[PDB]
Structures are given as structure tokens and as C-alpha cells.
$ cat run07.txt   # compact mmCIF, C-alpha atoms
# COMPACT_ATOMS: atom_id res chain seq x y z
CA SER A 1 157.67 139.12 73.50
CA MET A 2 157.79 142.59 71.89
CA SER A 3 157.17 142.24 68.11
CA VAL A 4 157.34 138.40 68.51
CA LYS A 5 153.98 136.66 68.38
CA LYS A 6 152.55 133.14 67.99
CA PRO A 7 150.20 132.76 64.98
CA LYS A 8 146.74 134.44 65.68
CA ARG A 9 144.07 131.89 66.79
CA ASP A 10 140.63 132.78 65.40
CA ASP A 11 138.62 133.75 68.52
CA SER A 12 135.71 135.34 66.66
CA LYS A 13 133.33 132.41 67.42
CA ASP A 14 134.28 131.98 71.11
CA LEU A 15 131.36 134.10 72.40
CA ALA A 16 128.83 132.15 70.39
CA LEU A 17 130.30 128.82 71.26
CA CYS A 18 130.45 129.62 75.09
CA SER A 19 126.74 130.67 74.79
CA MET A 20 125.89 127.34 73.20
CA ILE A 21 127.72 125.38 75.88
CA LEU A 22 125.99 127.42 78.54
CA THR A 23 122.60 126.71 76.87
CA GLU A 24 123.35 123.04 77.00
CA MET A 25 124.27 123.31 80.74
CA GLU A 26 121.09 125.35 81.44
CA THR A 27 118.87 122.70 79.88
CA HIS A 28 120.47 119.63 81.47
CA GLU A 29 118.05 117.96 83.86
CA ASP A 30 120.62 118.09 86.71
CA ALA A 31 121.12 121.90 86.32
CA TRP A 32 118.39 122.83 88.90
CA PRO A 33 120.74 123.39 91.87
CA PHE A 34 122.79 125.86 89.72
CA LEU A 35 120.24 127.87 87.72
CA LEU A 36 119.87 130.74 90.20
CA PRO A 37 121.95 132.31 92.95
CA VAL A 38 121.75 130.53 96.34
CA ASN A 39 119.41 132.55 98.59
CA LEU A 40 121.88 133.86 101.18
CA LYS A 41 119.04 134.81 103.53
CA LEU A 42 117.57 131.30 103.51
CA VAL A 43 120.57 129.00 103.45
CA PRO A 44 122.51 129.01 106.70
CA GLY A 45 126.26 128.99 106.43
CA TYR A 46 126.39 129.79 102.67
CA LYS A 47 127.22 133.45 102.88
CA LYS A 48 130.15 132.92 105.32
CA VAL A 49 131.55 129.80 103.84
CA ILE A 50 131.35 130.41 100.04
CA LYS A 51 133.46 133.42 99.40
CA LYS A 52 132.54 133.71 95.71
CA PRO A 53 128.99 132.50 94.89
CA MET A 54 128.40 131.71 91.20
CA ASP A 55 125.45 130.32 89.25
CA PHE A 56 124.36 129.82 85.61
CA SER A 57 122.05 132.91 85.53
CA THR A 58 124.94 135.10 86.70
CA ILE A 59 127.30 133.56 84.12
CA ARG A 60 124.62 134.14 81.44
CA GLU A 61 124.24 137.82 82.39
CA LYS A 62 128.07 138.33 82.50
CA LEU A 63 128.37 136.60 79.10
CA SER A 64 125.60 138.68 77.55
CA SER A 65 127.09 142.00 78.78
CA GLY A 66 130.74 141.55 77.77
CA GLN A 67 132.15 140.89 81.20
CA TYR A 68 134.23 137.88 80.12
CA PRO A 69 137.43 139.09 78.53
CA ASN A 70 138.36 135.65 77.19
CA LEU A 71 137.23 131.98 77.24
CA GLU A 72 139.48 131.19 80.29
CA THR A 73 137.60 133.63 82.52
CA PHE A 74 134.34 131.99 81.35
CA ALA A 75 135.60 128.49 82.26
CA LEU A 76 136.82 129.76 85.66
CA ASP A 77 133.26 130.90 86.60
CA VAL A 78 131.69 127.63 85.37
CA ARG A 79 134.22 125.60 87.41
CA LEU A 80 133.59 127.89 90.42
CA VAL A 81 129.96 126.79 90.34
CA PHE A 82 131.08 123.15 90.80
CA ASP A 83 133.83 123.90 93.25
CA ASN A 84 131.33 125.76 95.42
CA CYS A 85 128.93 122.83 95.18
CA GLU A 86 131.69 120.42 96.34
CA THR A 87 132.59 122.73 99.23
CA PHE A 88 129.03 122.85 100.53
CA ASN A 89 127.46 119.48 99.67
CA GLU A 90 128.29 115.87 100.48
CA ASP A 91 129.27 113.72 97.40
CA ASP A 92 126.44 111.32 98.43
CA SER A 93 123.54 113.83 98.16
CA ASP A 94 121.35 114.73 95.19
CA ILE A 95 123.02 118.15 94.85
CA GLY A 96 126.50 116.71 95.36
CA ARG A 97 125.92 114.15 92.55
CA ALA A 98 124.33 116.87 90.35
CA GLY A 99 127.50 118.89 90.62
CA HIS A 100 129.80 116.03 89.68
CA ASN A 101 127.59 115.16 86.72
CA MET A 102 127.43 118.76 85.46
CA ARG A 103 131.17 119.24 85.80
CA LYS A 104 131.78 116.13 83.69
CA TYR A 105 129.26 117.30 81.13
CA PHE A 106 130.90 120.72 80.95
CA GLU A 107 134.48 119.48 80.69
CA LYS A 108 133.65 117.18 77.78
CA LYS A 109 131.94 119.97 75.83
CA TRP A 110 134.81 122.29 76.64
CA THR A 111 137.46 119.82 75.37
CA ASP A 112 135.47 118.90 72.28
CA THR A 113 134.74 122.50 71.34
CA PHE A 114 138.11 124.13 72.10
CA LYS A 115 140.96 121.43 72.48
$ encode --input "run07.txt" --output "C-alpha cells"
Amino acid sequence: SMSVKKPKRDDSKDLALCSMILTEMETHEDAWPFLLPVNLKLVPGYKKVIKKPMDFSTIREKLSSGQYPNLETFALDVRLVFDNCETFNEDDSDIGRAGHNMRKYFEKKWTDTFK
């Protein structure tokens, strides 16, 4: 509360460490469904159904331009990528499996780096 604060966590490396995680997600072989924004002209249903599209290129540009105020907003956009994928794709499809795999990969790196 006012004039009453928990000890200050060192957050000076968060930006660098989120960039490294993101690099590792970008270079995973199952990243291909997530690298670029879904083409809303060419994929029927996507525009109407997925209210907040998100992809790795968009996260990279937000990251690079100071549009994440903290590491929780970064994680929210990563998770959004996978939540969108689950909304639109059957579990038993290449893309569906890609999204489960990438989410697992992310969550491990996130835990190991920050928890």
C-alpha cells in the first residue's frame, strides 16, 4: 500500500530474456503455423471467430517497440497464440498438435527462466 512495498525484484533483464524465449519459439520446427498473422482474406471463418489474432511476428514487433509494459503482458500474448489455435483447430490435426507442443515448450522455458 502507500509507502509499504515488497522488496524490489530485479526486472532489468526481463526484456532480454523474453527476446531469447521468443527466439527459441521462432526457431522451433513446429512454429510454422504461428510465425505470421493468419491471412484473414484467405481463411474462412477466422476473422469472425478469433476476436484477437496473435502471432510470433506481431509479438516480436510489440517486444521490439516497447509495447509490453511487463512480462505478464508478454506471456498473455504468447498464450493467446495457443488459445486461438485451440479454438480454430482440432487436437488431432498437424496445426492442433503444433499448438499443444509449442505451448508446452513455452511454459517450460517460462517456468525455468522466471519461477
$ residues_around --input "run07.txt" --residues "residue 78 in chain A" --least-positions-apart "6" --cutoff "10 Å" --atoms "only C-alpha atoms" --output "ChimeraX atom specification"
/A:22,25,54-56,59,72,102-103,106-107
$ residues_around --input "run07.txt" --residues "range 13-18 of chain A" --least-positions-apart "4" --cutoff "8 Å" --atoms "only C-alpha atoms" --output "VMD selection string"
chain A and resid 22 63 71 74 113
$ write_last_selection --input "run07.txt" --atoms "C-alpha atoms" --output "PDB file, in the frame of the given file"
ATOM      1  CA  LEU A  22     125.990 127.420  78.540  1.00  0.00           C
ATOM      2  CA  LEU A  63     128.370 136.600  79.100  1.00  0.00           C
ATOM      3  CA  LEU A  71     137.230 131.980  77.240  1.00  0.00           C
ATOM      4  CA  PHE A  74     134.340 131.990  81.350  1.00  0.00           C
ATOM      5  CA  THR A 113     134.740 122.500  71.340  1.00  0.00           C
TER       6      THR A 113
END
$ atom_distance --input "run07.txt" --atom1 "CA of residue 83 in chain A" --atom2 "CA of residue 11 in chain A"
27.0 Å
$ atom_distance --input "run07.txt" --atom1 "CA of residue 93 in chain A" --atom2 "CA of residue 46 in chain A"
16.8 Å
$ closest_residue --input "run07.txt" --among "A:75, A:33, A:42, A:53" --to "residue 19 in chain A" --atoms "all atoms listed in the file"
A:75
$ closest_residue --input "run07.txt" --among "A:69, A:88, A:57, A:3" --to "residue 44 in chain A" --atoms "only C-alpha atoms"
A:88
$ atom_distance --input "run07.txt" --atom1 "CA of residue 110 in chain A" --atom2 "CA of residue 85 in chain A"
19.5 Å
$ closest_residue --input "run07.txt" --among "A:115, A:104, A:60, A:51" --to "residue 35 in chain A" --atoms "all atoms listed in the file"
A:60
$ closest_residue --input "run07.txt" --among "A:61, A:112, A:10, A:94" --to "residue 31 in chain A" --atoms "all atoms listed in the file"
A:94
